[PDB]
Novice: 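The structure's right below; bear with me while I get my questions together.
When reading the values below, keep in mind they use all heavy atoms of this one structure, side chains included, and skip hydrogens, waters and symmetry mates. Residue numbers start from 1 in every chain, and the chains themselves are labelled A, B, ... in the order their sequence lines are given, proteins ahead of strands.
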2 protein chains.
Amino acid sequence: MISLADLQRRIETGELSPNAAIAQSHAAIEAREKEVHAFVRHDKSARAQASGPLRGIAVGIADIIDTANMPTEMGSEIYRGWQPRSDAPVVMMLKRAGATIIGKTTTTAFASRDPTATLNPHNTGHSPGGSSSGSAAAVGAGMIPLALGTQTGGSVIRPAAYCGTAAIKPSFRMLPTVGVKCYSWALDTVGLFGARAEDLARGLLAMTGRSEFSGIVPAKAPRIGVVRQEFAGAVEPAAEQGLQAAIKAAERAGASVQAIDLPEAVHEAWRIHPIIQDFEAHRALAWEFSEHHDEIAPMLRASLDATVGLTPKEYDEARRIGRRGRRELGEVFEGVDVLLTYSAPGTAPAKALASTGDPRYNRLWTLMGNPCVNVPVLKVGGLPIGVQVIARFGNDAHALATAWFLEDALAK
Amino acid sequence: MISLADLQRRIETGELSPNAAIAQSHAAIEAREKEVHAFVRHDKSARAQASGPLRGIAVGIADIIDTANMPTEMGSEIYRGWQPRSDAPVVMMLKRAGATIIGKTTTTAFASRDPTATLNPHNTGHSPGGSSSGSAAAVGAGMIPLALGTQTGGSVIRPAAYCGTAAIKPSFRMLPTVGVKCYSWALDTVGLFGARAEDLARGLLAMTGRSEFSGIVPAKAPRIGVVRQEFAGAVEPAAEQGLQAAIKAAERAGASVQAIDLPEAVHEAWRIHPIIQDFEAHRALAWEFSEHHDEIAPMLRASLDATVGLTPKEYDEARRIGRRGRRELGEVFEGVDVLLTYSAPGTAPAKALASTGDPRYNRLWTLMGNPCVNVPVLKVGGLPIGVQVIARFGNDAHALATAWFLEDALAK
């Protein structure tokens with residue numbers, strides 16, 4: 001994969017020119033796009049900017065995020081050929097930093113369950129995950145150094161784990177969702193894909209300009225709390241194998257690891273994730289549901305058809321439970337620096353299954369808002385397996401530092 | 001002015017038909033548009049829908065709110081002829097309930113301070129206020145029974161007070177802001193204009209389907225707390241005349257009224273509103289600021305230029321102060337049912353002043369998120385003056401009930 005931090009350092013000392021770096025990505029995309037299909041639109045004439053921390057850095061954008069110079073089709077036939085007037089704030093954050101928007105990456109229709117045609121870089125017979133399938137696949141295949149994705153029902157952490165890339169879903173709202181096609185305003189969050197934790201750090205620093213992302217270095221003797229999210233049921237063998245491998249590597253690196261239970265209130269928040277999601281989606285996608293019902297991707301269409309009756313009453317109740325979860329979850333971070341858990345149920349599903357994978361081990365954290373980071377651990381049958389680092393809300397930097405720590409630990 | 005509730009009743013019983021109701025607004029609009037200039041575009045072909053509680057109800061929409069059959073120009077030349085593909089969720093809430101979208105009403109550029117050409121129905125030589133100038137004036141001119149507006153730096157309460165109409169800014173996030181051009185995601189809220197509180201109630205019931213808005217009736221002996229927002233400086237005499245008139249009417253009507261001082265924290269929250277507004281506006285309008293800078297209306301453009309230096313640190317600090325303010329404000333409501341305060345600095349400013357009026361007495365509440373309702377009180381020199389009823393967050397229904405009680409109280 002291409003390292004953003006690496007390119008940065010070389011472009012900074014003058015070893016690599018921005019134009020050469022951008023030409024690099026175009027070639028890397030050309031070399032695998034025909035077999036992976038991660039791009040809805042590759043702008044072959046996209047060029048490097050002459051200044052800024054991200055000059056020479058190519059970035060792929062999940063297609064529910066507005067771009068002014070390229071179409072934003074939402075991964076749906078309903079928005080075929082649709083062209084937004086402006087670039088979404090998140091795209092402008094990259095551009096203002098000198099980045100090059102190299103193209104739009106595939107996304108599941110409206111960021112839901114319906115599979116795209118993108119294939120897993122490690123085995124074209126498997127799913128790259130969702131909802132931001134293209135961004136994960138593109139980074140995993142070494143096409144681009146960075147990519148923006150989104151999440152609602154799940155997290156960028158799952159497709160990242162499937163494709164073996166690093167990724168982070170920042171604290172809720174840190175990255176604006178303006179210009180990001182709404183599925184659920186309570187959940188919708190923007191995330192980043194990269195080669196390693198360090199690349200995510202540099203990427204967020206340039207985008208937000210927040211000092212918390214400046215000077216990040218691997219953590220030391222982290223206090224890790226292992227949670228297996230029992231409420232979501234047992235994971236597949238491959239996933240557990242990856243968790244055990246990560247714990248062992250971390251311990252051998254000086255980290256204190258302990259198994260922890262998640263408070264009952266937190267278990268409840270996980271349960272009502274669907275209520276919040278679907279109730280809000282009915283309002284957010286009202287025009288689509290009313291005017292273009294049969295044009296909505298099958299799986300998403302069905303989920304909506306089945307939740308038309310959700311009441312404002314049970315919705316308010318769900319949010320109430322959600323908040324109680326956030327409070328008590330915070331309490332869990334009074335005795336630990338970061339949590340360590342599964343990134344997915346296991347290895348990426350075969351495409352034949354027509355599934356982007358179950359988001360059950362990702363949904364809670366997206367609802368709570370905590371920053372999560374995927375750390376590739378091992379591979380089973382050639383398919384990547386990862387684990388995710390989760391820190392207290394607003395502690396994004398610490399999440400990245402511990403993830404960086406885990407990476408070095410796994411490298412031994 | 002036209003009463004939504006009135007229209008509902010008459011149409012329900014059969015006294016009036018939906019087609020006739022709509023025809024009347026088309027006529028009303030045609031009768032004074034050349035005098036008021038409230039509509040960006042009037043869809044003369046709009047007809048009544050067949051079923052629904054709002055069948056026969058013509059509704060005007062502030063032009064930063066997406067509509068799929070009419071342009072959405074954001075009150076800016078940058079978006080001239082811009083045509084969204086979808087209707088915003090709030091527009092869908094209306095359509096689904098059977099309403100008729102009769103047109104788009106003028107809005108200050110990006111819902112900021114730049115004056116539109118719209119004039120005050122009570123006095124063409126005066127401003128109708130902002131940011132939703134057209135919605136307020138159109139309702140004030142008796143063109144339509146309902147209109148949607150937005151608020152960021154102020155509140156629909158101010159233009160409503162300027163034009164002598166009722167209005168409510170529901171609890172933050174009750175009405176989705178998807179498809180509503182973002183100015184500040186922490187403040188952006190949708191509101192309603194109508195003849196009286198009852199009209200707003202029925203309007204919200206139909207839009208949200210929330211039972212709290214069903215069967216609302218005037219409150220009895222409400223516990224009112226009077227706040228004069230001294231942190232906002234001196235108010236104009238006409239404004240105090242109205243507040244006093246309201247207080248006297250309320251007392252005569254059986255309400256218990258006491259003067260109270262808001263906590264320092266609340267004064268602080270009011271102070272940092274601009275910080276949250278402007279820091280976010282730079283992210284929310286990045287594309288416009290970077291690519292079409294000189295095209296941004298003068299006043300907004302100036303407010304942005306002077307704030308390019310706002311840092312994420314002071315922004316975070318500003319939001320800290322905001323939260324404290326909300327926490328301590330809620331405590332105030334343990335003594336009274338609602339708060340009563342000024343809706344504006346005084347009577348509507350002359351158009352010659354090139355100002356939509358100072359939002360200083362509105363901004364605090366929009367940031368806190370509490371539901372606010374405007375209650376017309378009297379007129380000085382022919383210009384309307386109102387007061388606003390504010391309730392605990394989530395207590396929209398009681399704010400309306402209390403506003404209704406006040407209306408009857410003033411009616412003597």
Novice: Answer yes or no: does atom CZ of B:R320 have more than 12 heavy-atom neighbours from other residues, nucleotides or ligands under 6.0 Å?
Specialist: yes

Novice: Can you confirm whether A:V90 sits close enough to A:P176 that some side-chain heavy atom of one is under 4.5 Å from a side-chain heavy atom of the other?
Specialist: yes

Novice: Checking side-chain polar atoms at under 3.5 Å, does B:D188 have a donor or acceptor matched by the opposite partner on B:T177?
Specialist: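 Short answer, no.
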
Novice: So does A:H273 get a backbone contact from the side chain of A:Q277, meaning a donor-acceptor N/O pair under 3.5 Å?
Specialist: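 Between the backbone of A:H273 and the side chain of A:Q277 there is no qualifying donor-acceptor contact (under 3.5 Å).
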
Novice: Between atom CD of A:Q388 and atom CG of A:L340, what is the distance when rounded to the nearest 0.5 Å?
Specialist: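 Reported to 0.5 Å precision, the distance equals 8.5 Å.
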
Novice: With a 4.5 Å heavy-atom cut-off, do B:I276 and B:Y315 have their side chains touching?
Specialist: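 B:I276 vs B:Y315: side chains touch.
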
Novice: Quick one: sort the A:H282 and A:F289 rings into parallel, tilted or perpendicular, breaks at 30° and 60°.
Specialist: perpendicular

Novice: Is A:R158 reaching over with its side chain to a backbone N or O of A:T356, donor-acceptor style, under 3.5 angstrom?
Specialist: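 Judged by distance alone, yes, a pair lies under 3.5 Å.
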
Novice: Test your reading of the model: is there a side-chain donor-acceptor pair from A:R326 to the backbone of A:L367, 3.5 Å cut-off?
Specialist: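 Checked: pair present.
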
Novice: Check whether any side-chain heavy atom of A:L204 sits under 4.5 Å from a side-chain heavy atom of A:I168, and report yes or no.
Specialist: yes

Novice: Can you tell me how far NZ of A:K181 sits from OG1 of A:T150, rounded to the nearest 0.5 angstrom?
Specialist: 12.5 Å

Novice: For the side chain of A:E212 and the backbone of A:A397, is there at least one donor-acceptor N/O pair under 3.5 Å apart?
Specialist: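 Absent.
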
Novice: Within the 3.5 Å criterion, strictly below it, is a donor on A:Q151 or A:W365 matched to an acceptor on the partner's side chain?
Specialist: no

Novice: Do any N or O atoms from the side chain of A:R324 and from the backbone of A:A265 form a donor-acceptor pair under 3.5 angstrom?
Specialist: no

Novice: Sub-3.5 Å donor-acceptor pair from the side chain of A:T341 to the main-chain atoms of A:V227, do we have one?
Specialist: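 Such a contact is found between A:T341 side chain and A:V227 backbone.
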
Novice: To the nearest 0.5 Å, what is the distance between CG on A:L200 and CG on A:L205?
Specialist: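 One finds 12.5 Å between CG of A:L200 and CG of A:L205.
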
Novice: Counting only heavy atoms from other residues, nucleotides and ligands, does the tally under 6.0 Å from CZ of A:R223 exceed 12?
Specialist: no

Novice: Under 3.5 Å, is there a donor-acceptor pair between the side chain of B:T366 and the main chain of B:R363?
Specialist: no

Novice: Are B:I390 and B:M368 side-chain neighbours, meaning at least one heavy-atom pair lies under 4.5 Å?
Specialist: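 A side-chain contact under 4.5 Å is absent here.
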
Novice: Do A:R392 side-chain atoms and A:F333 backbone N/O form a donor-acceptor pair below 3.5 Å?
Specialist: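 No; judged by distance alone, with no hydrogens or angles, the pair does not exist.
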
Novice: Does one side chain, of A:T108 or A:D114, offer a donor that lies under 3.5 Å from an acceptor on the other?
Specialist: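 Judged by distance alone, the side chains do not pair up.
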
Novice: Output yes when B:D316 and B:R319 qualify as a salt bridge under the 4.0 Å nitrogen-oxygen rule, no when they do not.
Specialist: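 Yes, charged N to carboxylate O under 4.0 Å.
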
Novice: Go through B:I321 and B:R271 one step at a time and tell me if the side chain to side chain contact (heavy atoms under 4.5 Å, CB included) criterion holds.
Specialist: CA-CA 9 Å; B:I321 297 172; B:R271 186 176 67 69; 3.9 Å; yes

Novice: Regarding A:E251 and A:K248, does a basic nitrogen lie under 4.0 Å from an acidic carboxylate oxygen?
Specialist: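 Looking at A:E251 and A:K248, the cut-off is not met.
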
Novice: Under a 3.5 Å distance rule, please check whether B:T189 uses its side chain to pair with a backbone N or O of B:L187 as donor and acceptor.
Specialist: yes

Novice: Side-chain contact test, heavy atoms from C-beta onward, threshold under 4.5 Å: evaluate it for A:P128 versus A:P159 and give yes or no.
Specialist: no

Novice: Using the side chain to side chain contact (heavy atoms under 4.5 Å, CB included) rule, take A:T402 and A:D337 through it: C-alpha gap first, then chi angles, then the decisive distance, then the call.
Specialist: CA-CA 9 Å; A:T402 304; A:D337 304 312; 5.5 Å; no

Novice: Have a look at A:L339 and tell me which of A:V389, A:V332, A:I224 forms a side-chain contact (heavy atoms from CB on, under 4.5 Å) with it.
Specialist: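 So, applying the side-chain contact (heavy atoms from CB on, under 4.5 Å) to A:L339 and each of A:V389, A:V332, A:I224, only A:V332 qualifies.
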
Novice: Quick one: which residue pairs count as a ring-ring contact (aromatic ring centres under 6.0 Å, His included) with a foot in residues 222-251 of chain A, not counting sequence neighbours?
Specialist: A:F231-A:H267, A:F231-A:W270

Novice: Sorted by first residue and then second, give each ring-ring contact (aromatic ring centres under 6.0 Å, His included) pair with at least one member in residues 157-183 of chain A; sequence neighbours left out.
Specialist: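 Sorted pair list comes back empty.
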
